[PDB]
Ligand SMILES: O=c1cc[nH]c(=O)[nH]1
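One chain comes next, on its own, written as structure tokens: the form deposited without this ligand.
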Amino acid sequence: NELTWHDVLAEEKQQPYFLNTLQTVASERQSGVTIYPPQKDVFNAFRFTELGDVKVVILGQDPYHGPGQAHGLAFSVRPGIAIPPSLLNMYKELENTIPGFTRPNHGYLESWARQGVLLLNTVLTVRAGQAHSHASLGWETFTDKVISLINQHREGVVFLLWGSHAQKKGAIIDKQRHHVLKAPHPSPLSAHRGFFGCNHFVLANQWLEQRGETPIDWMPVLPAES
């Protein structure tokens, strides 16, 4: 029953707030301003991980306002861009927590995506070099819905909520229908004193096997094609 990203997203795509958002962005592009996640990538998060495969959920704010960075997935960057501060620290927690681990050489996380790790940003677009600029367009009300549906039609999903903004704030899920772990943002300004000791990655994997579901390989891999 009702099991795909057509879930409401068949109505939540017809809705005026959502339609207007798309256009207001469409215009801005065409108007001369270069908005960032290329229109082709904007929805990658739902493309690499279908509603039924969502095992873990990591919430991000908005995308990278720099050239060539963002590609539709939270935290992740393209195959050759400098690993960002917060993803850099995310690697630190893994390098220590997950004993099999060892650090990659890039911040491309499409691997985690295709293993069921939803890398969802709360606002989907941003203006070049202007952070949180599209924070008044409605992506949040679209993204809230998303989270609602997951909390409605799914069970046993792990939500990794980092930072007072992701955590709670805009994340009031059913504590028993799902597993909600909280911690401070991995940003250098707060990674230490709060984040670094949490074993979210390991814990998120301990609870899966516990349910029989296969664990997540948290080490980045690299394909491509052509």
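Residue numbers here begin at 1 and follow the sequence given.
Keep in mind that the form solved in complex with this ligand is missing from the display, and what follows is about it.
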Within 4.5 Å, heavy atoms only, which of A113, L94, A74, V146 is in contact with this ligand in the bound PDB entry?
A74
Identify which of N44, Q61, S190, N199 has a heavy atom within 4.5 Å of this ligand in the bound PDB entry; exactly one of them does.
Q61
Indicate whether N121 is a 4.5 Å heavy atom neighbour of this ligand in the bound PDB entry.
yes
Residue contact check: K182 to this ligand in the bound PDB entry, 4.5 Å heavy atom:
no
Any idea which of 66-74, 169-177, 24-32, 47-55 reaches within 4.5 Å of this ligand in the bound PDB entry, heavy atoms considered?
66-74
